[PDB]
């Protein structure tokens, strides 16, 4: 009874749960065991904490070449896309007033609490910072990110030559009366539904999977379109703790089989299975590639 261990992004929980079941049906001798976590945390388990996985599936393919290669990974495959949206429920404050035009203005109200995951552990979290900074450029309003996050946290930004570098400290400290933060984006669903906070920055796929209402954000800032990569790259984020800088770019998921994977043959079969079954991603809200 071979155990195929998978460390995957929290946003992949729904589709990968399906892949697990489908794969096991075709390979009855394999027991797929998934461990969901923010993608940066997934990578950390492997390159720093000595944990063995057969598959590492990240919400941002970037983490593989930037953190795993070549010691823990030799290659990777890009297999899915996504975009950031602003999710909410009927319990959220001003939910019948907010729209695609005034969203960032509503979020600036003192009584509105916003949620996002920790940039140190999850791409959805660092992407949220990128999205808000990109919003200043698109709307030509230099106060958005400063008013929503900088004045409510210890995150800082350096501007030079028209580009931006967001500096995320190892120990993130936020004003909890304004910002609701947890390790990975999927950790924020339960609190949102319970009305712990009002608006949640999260992937469109996850919002649709959990039947959440959401406001669509501009293609110029939501990281979902390759045609806007030149605009996205004007912003980058540095995870100070690891001295790694990641450019804002179109959301593309990446997968690899670690160099120390216990069952490489079966791991590769799984990777191919996923690529051969894009409908699982599409039918669950994610644009396959």
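Positions refer to the first chain, counted from 1.
Mean CA B-factor, 173-181 versus 199-207: the higher value falls on 173-181. According to the PDB record, 158-166 carries the higher mean C-alpha B-factor of the two stretches 124-132 and 158-166.
Highest C-alpha temperature factor among 142, 218, 191, 115, as the PDB entry reports it: 191.
Comparing the listed residues 30, 63, 223, 255, the entry records the largest Cα B-factor for 30. For residue 214, the recorded CA temperature factor ranks within the middle third of the chain's modelled residues. In this PDB entry, the Cα temperature factor of residue 83 sits in the bottom third of its chain's modelled residues, the lowest group. Among all modelled residues in this chain, the alpha-carbon of residue 278 has a temperature factor (C-alpha) in the highest third. Among the modelled residues of its chain, residue 241 has a C-alpha B-factor that falls in the highest third according to the deposited record. In the PDB entry, a CA B factor belonging to the highest third of its chain's modelled residues is recorded for residue 98.
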